[PDB]
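Asker: Okay, handing you the structure first.
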Amino acid sequence: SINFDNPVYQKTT
Amino acid sequence: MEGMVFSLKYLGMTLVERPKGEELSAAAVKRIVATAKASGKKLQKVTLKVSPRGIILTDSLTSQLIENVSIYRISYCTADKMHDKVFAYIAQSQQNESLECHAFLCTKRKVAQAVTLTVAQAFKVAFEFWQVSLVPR
């Protein structure tokens with residue numbers, strides 16, 4: 001597998 | 001980042017209880033694939049357009065919008081290990097706090113990998129827009 005976490009998830013302020 | 005287009009087949013969705021991690025996505029993809037195989041129906045053709053804005057899902061037959069998924073909602077993406085033609089993402093719903101895994105069947109493992117890598121680029125470029133207080137484009 002190749003997998004990635006999104007660093008901008010839920011980063012609305 | 002220019003928006004990249006993939007023409008895939010939609011396997012379906014299942015809820016997950018946390019936003020990130022391969023343990024979650026692997027089990028979700030197993031469930032969605034088993035439900036689709038048992039369905040006795042051909043899969044819906046869907047087009048994904050990936051950019052730092054998010055993922056636009058359109059019905060391929062009609063070009064009608066299914067959903068514009070904001071980048072800020074998407075927590076995770078995967079080219080699955082066991083079901084290696086499957087690309088999936090996890091995203092929180094727009095209307096409430098639930099977390100959904102959506103899975104797509106590609107023709108080849110290489111395509112599932114390309115889609116995942118393209119989504120990773122979108123996460124990275126969106127993050128860089130975010131850091132300088134610009135809208136992802």
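All residue names refer to the structure tokens as shown: chains lettered A, B, ... in order, residues numbered from 1 in each chain, ligands numbered from 1 in order.
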Would you kindly report the residues of chain B within 9 Å of chain A, using only C-alpha atoms, as a list in words?
Answerer: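 Listing them in order of chain and number gives residues 20, 21, 22, 71, 72, 73, 74, 75, 76, 77, 78, 79, 80, 81, 82, 84, 91, 92, 113, 116, 117, 119, 120, 122, 123, 124, 126, 127 and 130 of chain B.
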Asker: Quick one: everything within 8 Å of residue 32 in chain B, counting only C-alpha atoms, minus sequence neighbours fewer than 2 positions away in the same chain. Send it as number ranges by chain.
Answerer: B: 11-14, 28-30, 34-36, 103
Asker: According to DSSP computed on the backbone, where in chain A is there strand (DSSP E)? Give the residues as a ChimeraX atom specification.
Answerer: /A:2-5
Asker: Record the distance separating CA of residue 86 in chain B and CA of residue 5 in chain B, expressed in Å with one decimal.
Answerer: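 Spanning CA of residue 86 in chain B to CA of residue 5 in chain B is a straight-line distance of 16.2 Å.
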Asker: Looking only at alpha helix (DSSP H) from DSSP on the backbone, list the matching residues of chain B as a ChimeraX atom specification.
Answerer: /B:22-37,109-131
Asker: Could you please determine the separation between CA of residue 66 in chain B and CA of residue 10 in chain B in Å, to one decimal place?
Answerer: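 Atom-to-atom, CA of residue 66 in chain B to CA of residue 10 in chain B, that is 11.2 Å.
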Asker: Between CA of residue 131 in chain B and CA of residue 93 in chain B, measure the distance and give it in Å to one decimal.
Answerer: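 Value for the CA of residue 131 in chain B-CA of residue 93 in chain B distance: 24.0 Å.
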Asker: Can you tell me, as a PDB file with N, CA, C and O atoms, in the first residue's frame, what residues are no more than 9 Å from residue 55 in chain B when counting only C-alpha atoms, ignoring any on the same chain fewer than 3 positions away?
Answerer:
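out_26.pdb, freshly written:
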ATOM      1  N   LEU B  48     -13.059  11.357 -11.260  1.00  0.00           N
ATOM      2  CA  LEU B  48     -12.477  12.132 -10.154  1.00  0.00           C
ATOM      3  C   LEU B  48     -11.551  13.210 -10.725  1.00  0.00           C
ATOM      4  O   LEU B  48     -10.670  12.908 -11.536  1.00  0.00           O
ATOM      5  N   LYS B  49     -11.744  14.446 -10.291  1.00  0.00           N
ATOM      6  CA  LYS B  49     -10.825  15.542 -10.653  1.00  0.00           C
ATOM      7  C   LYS B  49     -10.179  16.009  -9.348  1.00  0.00           C
ATOM      8  O   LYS B  49     -10.854  16.577  -8.423  1.00  0.00           O
ATOM      9  N   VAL B  50      -8.865  15.805  -9.272  1.00  0.00           N
ATOM     10  CA  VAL B  50      -8.106  16.013  -7.998  1.00  0.00           C
ATOM     11  C   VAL B  50      -7.322  17.337  -8.124  1.00  0.00           C
ATOM     12  O   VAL B  50      -6.590  17.484  -9.122  1.00  0.00           O
ATOM     13  N   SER B  51      -7.474  18.227  -7.157  1.00  0.00           N
ATOM     14  CA  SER B  51      -6.598  19.451  -7.164  1.00  0.00           C
ATOM     15  C   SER B  51      -6.445  19.843  -5.724  1.00  0.00           C
ATOM     16  O   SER B  51      -7.009  19.198  -4.830  1.00  0.00           O
ATOM     17  N   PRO B  52      -5.678  20.906  -5.450  1.00  0.00           N
ATOM     18  CA  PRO B  52      -5.514  21.315  -4.039  1.00  0.00           C
ATOM     19  C   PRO B  52      -6.852  21.765  -3.428  1.00  0.00           C
ATOM     20  O   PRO B  52      -6.922  21.866  -2.200  1.00  0.00           O
ATOM     21  N   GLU B  67     -20.428  14.973  -5.953  1.00  0.00           N
ATOM     22  CA  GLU B  67     -20.053  15.686  -4.764  1.00  0.00           C
ATOM     23  C   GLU B  67     -18.757  16.407  -5.019  1.00  0.00           C
ATOM     24  O   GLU B  67     -17.881  15.862  -5.648  1.00  0.00           O
ATOM     25  N   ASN B  68     -18.675  17.653  -4.594  1.00  0.00           N
ATOM     26  CA  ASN B  68     -17.364  18.332  -4.501  1.00  0.00           C
ATOM     27  C   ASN B  68     -16.873  18.180  -3.064  1.00  0.00           C
ATOM     28  O   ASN B  68     -17.508  18.709  -2.104  1.00  0.00           O
ATOM     29  N   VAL B  69     -15.793  17.414  -2.878  1.00  0.00           N
ATOM     30  CA  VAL B  69     -15.291  17.104  -1.564  1.00  0.00           C
ATOM     31  C   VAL B  69     -14.177  18.083  -1.222  1.00  0.00           C
ATOM     32  O   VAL B  69     -13.040  17.946  -1.747  1.00  0.00           O
ATOM     33  N   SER B  70     -14.435  19.013  -0.302  1.00  0.00           N
ATOM     34  CA  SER B  70     -13.416  20.013   0.076  1.00  0.00           C
ATOM     35  C   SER B  70     -12.183  19.289   0.581  1.00  0.00           C
ATOM     36  O   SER B  70     -12.271  18.357   1.416  1.00  0.00           O
ATOM     37  N   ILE B  71     -11.012  19.810   0.226  1.00  0.00           N
ATOM     38  CA  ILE B  71      -9.738  19.245   0.737  1.00  0.00           C
ATOM     39  C   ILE B  71      -9.728  19.208   2.267  1.00  0.00           C
ATOM     40  O   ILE B  71      -9.129  18.293   2.819  1.00  0.00           O
ATOM     41  N   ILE B  74     -10.992  15.852   3.853  1.00  0.00           N
ATOM     42  CA  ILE B  74     -10.418  14.546   3.492  1.00  0.00           C
ATOM     43  C   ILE B  74      -9.287  14.322   4.476  1.00  0.00           C
ATOM     44  O   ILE B  74      -8.405  15.203   4.613  1.00  0.00           O
ATOM     45  N   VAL B 119      -3.480  12.573  -5.126  1.00  0.00           N
ATOM     46  CA  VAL B 119      -4.157  13.095  -3.929  1.00  0.00           C
ATOM     47  C   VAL B 119      -3.161  13.565  -2.893  1.00  0.00           C
ATOM     48  O   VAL B 119      -3.340  14.614  -2.298  1.00  0.00           O
TER      49      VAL B 119
END
Asker: Just the residues within 8 Å of residue 15 in chain B, please, counting only C-alpha atoms, with nothing from its chain fewer than 4 positions along; format it as a list in words.
Answerer: residues 28, 98, 99, 100 and 101 of chain B
